[PDB]
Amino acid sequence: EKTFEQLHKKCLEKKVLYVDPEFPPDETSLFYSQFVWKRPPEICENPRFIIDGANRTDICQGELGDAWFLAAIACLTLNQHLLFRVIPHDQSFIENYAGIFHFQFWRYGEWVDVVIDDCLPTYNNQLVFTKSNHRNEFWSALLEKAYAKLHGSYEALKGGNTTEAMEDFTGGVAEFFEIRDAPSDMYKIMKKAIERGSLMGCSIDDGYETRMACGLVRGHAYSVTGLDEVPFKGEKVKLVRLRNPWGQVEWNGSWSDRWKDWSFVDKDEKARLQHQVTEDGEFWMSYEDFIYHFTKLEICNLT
């Protein structure tokens, strides 16, 4: 067991790029039961670890069913100071680059360091697994690789629970809600949770194209990224903001991006709500419609 510092320092002196003996760039690391592995400098001219900050737009699901995990990362980015425990800032392609990176996860009641080489699965020189909106940003793809290593393979990330990942990023305690049994004050419970920095997911119980007619997807982890109140036509309306970790496929009901009655909303209020018409996976919906469609709500509470 050599540490990140040690391995990094060594590779720099040797002038060699690191290769992970524990989790090598071959089919063992992909599955337990076809892609070319490439490092980000082999993929593009000017790769970067973090560009314009690490935020939820940098998490876009690829050809692997790990939404449960990605939704949790996206939630984590809403709490930057927690985020930078999981992701060390002092990492770069343009300075002290030795093809090695690391991340931290809460496991067994303590922080543990996962080290990886920066080889990533590609096809036609593009990432097949999770990537960022920005073709040159690689933190999220690398984090996913590190989480895969922690579970033994990329395939091991197929299916899982959002709360598992939330706990692995925070060391917090999971709390579940069946939205049918929801208390009267659950908007308030969720509001206090988001303001306290707690991570929130939700889903529609089951038992890449738009699944439902309303634009939601069944059996799919969504990140809760906002809760707010807007006064519209005299009265105040409770809203919920969600993000689909696909980065695509939004709700189309009231308060959706292209909803016309956004025109009746004040221009400053729009700004406070960060309302944009963009196919980014993120959308506002009414608290009412939210409680009506979603069935499970998962909150990971901190200390």
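Residue indices: 1-based, along the sequence shown.
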| message | Gap size between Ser33 and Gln34, counting deposited residues with no coordinates: none, 1 to 3, 4 to 9, or 10 or more? | response | 4 to 9
| request: Higher average CA B factor in the deposited record is what I'm after, so tell me if that's 236 to 244 or 23 to 31. | output: 23 to 31
| remark: Of 174 to 182 and 194 to 202, the stretch with the higher mean C-alpha B-factor in the deposited entry is 174 to 182
| message | In terms of recorded Cα temperature factor, pick the maximum from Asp118, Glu110, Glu144, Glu137. | response | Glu110
| Which of these, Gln80, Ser92, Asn125, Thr130, has its C-alpha atom at the highest B-factor, as the entry lists it? | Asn125
| request: Within this chain's modelled residues, let me know which third the CA B factor of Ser223 belongs to: lowest, middle or highest. | output: lowest
| remark: Binned into thirds over the chain's modelled residues, the C-alpha B-factor of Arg56 lands in the lowest
| said: Going by the CA temperature factor in the PDB record, which third of the chain does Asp280 belong to: lowest, middle or highest? | reply: lowest
| request: Rank-wise, by C-alpha B-factor, drop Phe264 into the lowest, middle or highest third of its chain. | output: highest
| task | For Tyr97, return the chain-relative third of its C-alpha B-factor as stated in the PDB record: lowest, middle or highest. | result | middle
